[PDB]
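Here the structure is laid out as structure tokens; the discussion comes afterwards.
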Amino acid sequence: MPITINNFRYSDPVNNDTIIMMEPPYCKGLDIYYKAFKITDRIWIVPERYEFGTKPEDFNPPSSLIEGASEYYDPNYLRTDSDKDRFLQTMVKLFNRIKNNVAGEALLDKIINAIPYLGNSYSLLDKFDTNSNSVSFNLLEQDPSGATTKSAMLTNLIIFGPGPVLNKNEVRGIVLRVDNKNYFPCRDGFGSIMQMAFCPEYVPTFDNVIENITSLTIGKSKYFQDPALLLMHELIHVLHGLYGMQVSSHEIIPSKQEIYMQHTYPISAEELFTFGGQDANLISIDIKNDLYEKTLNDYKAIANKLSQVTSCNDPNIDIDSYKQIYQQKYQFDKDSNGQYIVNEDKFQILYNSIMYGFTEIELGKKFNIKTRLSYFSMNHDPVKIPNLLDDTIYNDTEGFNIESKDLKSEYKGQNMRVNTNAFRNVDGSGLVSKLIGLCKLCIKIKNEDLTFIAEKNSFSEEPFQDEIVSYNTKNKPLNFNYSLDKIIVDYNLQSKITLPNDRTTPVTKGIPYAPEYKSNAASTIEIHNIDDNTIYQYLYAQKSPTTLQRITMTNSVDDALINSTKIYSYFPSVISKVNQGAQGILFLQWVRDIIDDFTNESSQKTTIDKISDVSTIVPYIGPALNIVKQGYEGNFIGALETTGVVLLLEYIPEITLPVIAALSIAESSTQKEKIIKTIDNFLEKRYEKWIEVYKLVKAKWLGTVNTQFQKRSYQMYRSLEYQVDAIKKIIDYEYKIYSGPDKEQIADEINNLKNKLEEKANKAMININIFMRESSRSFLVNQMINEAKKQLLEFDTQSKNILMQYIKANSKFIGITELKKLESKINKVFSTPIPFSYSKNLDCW
Amino acid sequence: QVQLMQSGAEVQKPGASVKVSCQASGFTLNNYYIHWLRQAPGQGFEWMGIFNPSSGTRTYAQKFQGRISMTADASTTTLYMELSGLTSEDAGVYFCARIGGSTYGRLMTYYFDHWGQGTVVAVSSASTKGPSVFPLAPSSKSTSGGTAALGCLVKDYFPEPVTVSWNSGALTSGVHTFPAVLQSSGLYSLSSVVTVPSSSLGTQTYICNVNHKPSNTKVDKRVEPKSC
Amino acid sequence: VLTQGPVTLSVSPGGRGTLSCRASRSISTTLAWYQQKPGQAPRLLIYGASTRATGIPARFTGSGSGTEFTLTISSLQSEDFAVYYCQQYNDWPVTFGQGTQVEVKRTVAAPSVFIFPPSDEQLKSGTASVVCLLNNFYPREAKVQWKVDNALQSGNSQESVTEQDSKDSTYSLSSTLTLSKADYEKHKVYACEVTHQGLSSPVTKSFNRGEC
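Chains as they are written, first to last, in the authors' numbering: chain A, 1 to 440, 466 to 870; chain E, 1 to 228; chain D, 231 to 442.
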């Protein structure tokens with residue numbers, strides 16, 4: 001039962017077994033061969049740069065980017081045979097790391113045993129079609145006399161090296177060509193081959209600002225990601241494509257109108273389900289039903305397609321062995337006649353296990369690997385891990401968080417302020433980013474510190490149309506989740522099903538076209554000329570000069586911008602002393618009244634009696650981020666009492682809804698007695714819509730009004746870092762000029778109080794994070810929920826006057842049976858609304 | 001009961017030092033902003049300085065910057081005000097004021113609701129001088145509209161007050177003790193008058209008891225009519 | 231800065247008043263009002279432009295538009311005679327107004343003026359101080375003028391106090407004239423001339439070296 005991982009060096013000879021001479025799909029029929037290695041069952045590795053559909057100039061670093069975060073370019077990566085052996089030995093160690101945990105051992109088992117359907121929507125109904133490049137590749141087998149031979153091989157996954165971009169990893173299905181259209185068998189439930197362009201050395205980076213839990217000794221720090229977790233992330237897409245459930249529609253497009261908005265690629269609904277967490281209700285409950293019904297129609301078509309098979313093209317393939325494998329893969333049943341049918345009860349378990357089973361957050365808890373909690377957390381510049389083959393840095397059982405080196409606790413193995421021996425910075429020669437300009466003095470801002478806002482057209486409007494109720498209308502499940510522990514329990518109970526010999530007949534029938542590389546390169550930087558001061562001029566004025574020179578602070582933002590030595594600040598009394606030159610007095614009173622000066626100007630907390638949900642209000646948000654109302658220069662509390670929490674937004678949204686169409690009843694036939702099930706479906710579908718729009722309003726908040734709240738916390742963290750770093754340099758200049766006899770003894774006490782600055786700046790971020798998180802909860806549960814509840818109380822009295830008119834029409838069938846007189850008092854739950862659950866739906870009874 | 005008490009100012013000289021104190025009683029002190037404020041003999045209110053509960057944050061108004069300092073002791077429930085380099089524009093009454101609602105978390109920005117009673121800062125160049133006491137007689141230019149008029153003129157004295165009282169306190173009707181006049185050489189002067197019957201002047205005896213407490217100079221000064 | 235000009239304001243008892251507090255754009259914070267008498271500690275009337283604490287009666291309240299604020303009081307009494315201050319902030323500290331003293335009911339009272347010659351004791355020590363006493367007068371506005379025979383000596387070694395209110399709701403003042411030896415014996419008469427326009431009333435008292 002345990003999975004085996006093979007070992008080889010790149011210089012090992014071809015054996016026509018685990019080491020072959022490949023022909024990748026998109027090389028069908030060109031006689032171009034690359035060396036491949038079988039890492040395990042149905043998985044191969046090709047140490048080559050992904051160069052399909054590309055130009056040699058695409059691998060060069062451009063001047064600026066078109067969309068997304070920073071990208072690193074290097075044409076010389078994976079070039080020599082020493083780089084390919086470095087790539088081969090690293091991938092073996094990452095697969096051993098995944099194997100040594102039962103969560104990763106179950107993920108590999110699902111991928112290996114999910115072989116794709118021989119055939120698709122444009123194959124023949126009576127035969128298995130193992131004769132397209134989308135299911136078969138070729139290899140060349142030499143004899144002792146150097147005489148080659150053409151053969152084929154079946155496989156599920158092939159891992160290459162990275163493309164022009166190194167720190168982005170991809171996974172992809174094979175497109176087909178039919179009547180001049182693109183077609184993916186990995187999206188119709190058939191499955192196909194999934195190819196990887198993986199790079200293990202260059203990893204992304206995140207921080208620790210937003211999270212609720214906070215430790216005063218840990219503070220705020222940045223972290224880098226485990227490449228093993230970056231690989232399992234890349235196997236679930238293969239699992240999704242092997243089952244043919246790749247999603248591609250109901251994407252989300254960002255907004256590209258204002259300047260403070262972020263330009264990125266459209267977020268797909270394939271990527272939000274894989275990551276997991278609270279960013280999974282980003283898709284509304286109504287789209288998840290559309291995706292569920294599509295796969296059900298696809299698997300139903302496969303069941304009928306699999307029942308009419310009689311033969312194949314390869315004369316040696318036993319036709320009975322495969323039909324038991326795909327009744328096992330697709331969870332099919334048999335009727336009394338022998339045809340395969342779809343058991344919906346077994347389909348719901350299988351569909352939830354693939355889409356909402358394996359996530360990166362769940363796999364990170366099982367592997368003790370630290371992950372970000374929000375898809376919208378800040379991404380920094382990527383780093384590289386040069387010593388993955390060093391067990392003192394990374395082993396196949398703990399990764400970077402080794403316990404024998406006190407690195408497992410608090411994920412210090414990934415902390416960049418602690419484990420400095422594990423990562424190195426990338427040279428700026430290949431690192432390319434997208435910069436925006438604010439001229440007013467021109468400043469450049471990256472494409473990662475802005476704020477992601479999407480569009481309104483990207484969100485479903487189906488929960489607004491006409492839904493027709495009948496007698497045979499079923500219920501929506503409203504259940505789209507699956508526990509990872511349940512997958513591990515079922516995996517241990519499995520019987521070892523065996524795959525057949527994966528050798529077949531050569532390929533003769535593909536087409537060797539690769540989809541063209543979509544470029545991201547841009548020639549020029551977008552330059553914005555504005556009139557007024559935005560939030561980024563306020564943050565730029567707080568930056569300290571990178572020189573040991575006299576510095577002062579001022580309350581004028583224009584003085585700090587023009588003058589080099591002057592810095593903008595929003596703590597009035599703190600500016601009183603740092604400018605005062607302490608002459609003739611000890612640093613005891615001078616320095617202490619500078620440390621705890623910042624203490625009681627930073628952790629400021631208040632409440633507003635009009636706003637009951639927010640328990641902590643930080644007043645100095647306004648003056649530090651230029652969040653001010655007309656006629657409120659500094660009166661941040663007075664502007665909050667009038668406008669409300671909407672003032673913190675950079676971008677006010679429309680909070681209304683159009684119209685929620687009444688339900689209609691079309692089952693007029695009362696030919697059979699006790700047709701009252703039509704009443705039950707009308708009550709059940711009434712309850713569903715009240716959950717649909719709710720989770721469709723919970724969907725727009727996560728994608729438009731829960732990102733400007735998060736970035737106020739990031740912008741507050743930078744300002745608090747600018748203010749603290751300024752004070753810590755203000756105090757060093759007066760210390761070098763200080764010429765006192767006690768100077769040598771009080772040195773440790775001076776540095777002891779500079780660490781007190783971070784301790785109070787962290788306590789301030791605790792109040793700020795509670796501010797922005799509760800204010801984000803106060804703009805949902807009140808306003809637009811009360812604007813969801815507003816005219817959803819209208820569809821109710823618009824569906825009783827249709828129901829009771831349907832009840833009054835077929836009234837002569839339900840009387841004198843304790844049914845009609847009962848179902849008029851039953852209309853009390855109709856006076857009761859179904860409330861909202863922000864987080865957990867608690868039931869104390 | 002909630003109370004602040006203040007103490008530690010008298011009469012000083014230019015450029016000396018003094019130190020003033022503000023001891024609370026009735027709440028948890030270590031949770032409130034506490035200001036210092038003042039008032040000059042004639043001008044209106046002027047904020048001087050605030051400190052913060054954590055013996056922490058503090059600013060000063062421009063007119064005393066670098067010349068004064070604020071600090072506190074979180075273990076003796078006292079805060080203080082240092083004055084250094086005193087001039088003739090620093091006299092006046094000073095208050096310490098805590099801000100209210102700091103029970104709901106100390107770091108409230110802008111508030112206050114309760115001062116104490118205030119002690120007098122006094123700075124000047126003259127010295128502590130006992131007063132020259134002289135009679136003030138009735139005569140026909142100011143007598144007998146039914147009643148007469150006398151008094152005692154206290155002459156040339158420094159720090160106020162002067163407790164004035166007639167014939168060992170057995171005469172407190174018809175009393176007018178006028179406010180003091182601040183002259184041009186820093187020394188003060190007030191007089192007390194009584195309004196008495198004028199036909200018995202000669203048979204009853206009118207004494208004024210002058211007390212200059214900050215100088216230990218007690219005078220008893222009879223006053224009787226004359227006959228030019 | 232916070233302007234409360236004019237620094238005074240008067241209204242009959244039991245009516246409606248307004249005290250204004252003009253600021254600028256370099257303010258825009260909360261404002262507090264404060265009733266104040268010099269023999270007592272200041273009292274918090276209004277805080278936060280509007281909020282009023284428990285214990286302040288139902289007469290004190292206000293508003294605040296743009297860069298200006300005001301204090302409003304209802305049903306004035308005699309105890310409301312006090313000084314009122316508005317207290318704002320900027321990007322640095324606390325900032326107070328110049329303050330506004332509110333007068334209420336008043337009646338016209340003529341001053342009682344007694345002059346004294348120099349006594350027999352001061353001329354044998356060399357000095358010669360001349361005293362003019364005014365009391366029991368209202369309004370608190372009065373002009374004091376000194377004269378030698380017929381020549382004015384206003385400001386020539388003259389010290390005059392500012393009118394201060396007595397516990398009888400009437401004002402009193404004093405006025406001293408310093409001289410040498412000759413100047414009392416050299417002239418035929420001095421005179422203390424006061425002027426109180428409560429009834430357009432000037433009254434003059436004189437004395438003279440031993441005119442017995």
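All C-beta atoms, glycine included, are put in the ideal place defined by N, C-alpha and C.
Could you compute how far the alpha carbon of residue i sits from the alpha carbon of residue j?
i	j	result
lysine 226 of chain E	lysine 218 of chain E	25 Å
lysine 761 of chain A	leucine 613 of chain A	16 Å
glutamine 89 of chain A	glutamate 211 of chain A	36 Å
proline 525 of chain A	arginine 172 of chain A	25 Å
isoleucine 810 of chain A	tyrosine 243 of chain A	38 Å
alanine 566 of chain A	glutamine 318 of chain D	27 Å
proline 678 of chain A	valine 121 of chain E	59 Å
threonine 359 of chain A	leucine 125 of chain A	36 Å
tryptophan 322 of chain D	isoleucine 259 of chain A	33 Å
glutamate 293 of chain A	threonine 274 of chain A	19 Å
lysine 853 of chain A	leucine 818 of chain A	14 Å
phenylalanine 376 of chain A	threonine 214 of chain A	19 Å
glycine 292 of chain D	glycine 66 of chain E	38 Å
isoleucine 325 of chain A	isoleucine 385 of chain A	41 Å
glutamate 799 of chain A	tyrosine 863 of chain A	12 Å
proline 502 of chain A	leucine 867 of chain A	20 Å
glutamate 666 of chain A	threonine 406 of chain D	59 Å
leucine 249 of chain D	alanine 262 of chain D	13 Å
Only counting the same chain, and skipping five residues up and downstream in sequence, which positions put a Cβ closer than 7 Å to that of residue i?
i	result
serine 7 of chain E	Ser21 and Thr119
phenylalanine 861 of chain A	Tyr719, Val806 and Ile810
DSSP beta-bridge partners for residue i?
i	result
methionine 81 of chain E	E/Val20 and E/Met70
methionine 196 of chain A	A/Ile159 and A/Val171
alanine 421 of chain D	D/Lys377 and D/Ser436
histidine 35 of chain E	E/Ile50 and E/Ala97
When you compare the CB positions of residue i and residue j, do they come within less than 7 Å of one another, or not?
i	j	result
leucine 229 of chain A	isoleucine 369 of chain A	yes
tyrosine 188 of chain E	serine 102 of chain E	no
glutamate 48 of chain A	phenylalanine 160 of chain A	yes
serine 589 of chain A	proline 570 of chain A	yes
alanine 106 of chain A	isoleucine 512 of chain A	yes
residue 452 of chain A	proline 537 of chain A	Looking at chain A, the numbering goes 440 and then 466, which leaves residue 452 of chain A without any coordinates in this model.
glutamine 331 of chain A	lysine 346 of chain A	yes
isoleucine 361 of chain A	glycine 428 of chain A	no
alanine 687 of chain A	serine 495 of chain A	no
If I measure Cβ to Cβ from residue i and keep anything under 8 Å in the same chain, skipping five residues before and after, which residues do I get?
i	result
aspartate 413 of chain D	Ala358 and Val378
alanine 664 of chain A	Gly647, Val653, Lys654, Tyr657 and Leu672
To which residues of the same chain is residue i closer than 6 Å at the C-beta, ignoring the five residues directly before and after it?
i	result
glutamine 225 of chain A	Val203 and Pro204
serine 64 of chain A	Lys434, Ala547 and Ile550
| task | Pull out every residue of the region 619-647 of chain A whose Cβ sits closer than 7 Å to any Cβ of chain E, in chain order. | result | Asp621, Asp622, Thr624, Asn625, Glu626, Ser628, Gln629, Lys630, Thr631 and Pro644
| Taking Cβ-Cβ distances below 8 Å as the criterion, which residues of the region 206-217 of chain E are in contact with chain A? | none
| the region 652-665 of chain A: which residues have C-beta closer than 9 Å to a C-beta of chain E, in chain order? | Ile662
| Which residues, in chain order, does the region 576-607 of chain A contribute to contact with chain D at a C-beta distance below 7 Å? | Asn580 and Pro597
| said: At a CB distance below 8 Å, what residues from the region 362-373 of chain D approach chain E? Give them in sequence order. | reply: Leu363 and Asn365
| field | Members of the region 144-165 of chain E near chain D, C-beta cut-off 8 Å | value | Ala149, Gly151, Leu153 and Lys155
| Can you list, in chain order, the residues of the region 197-227 of chain A whose Cβ is nearer than 8 Å to any Cβ on chain E? | none
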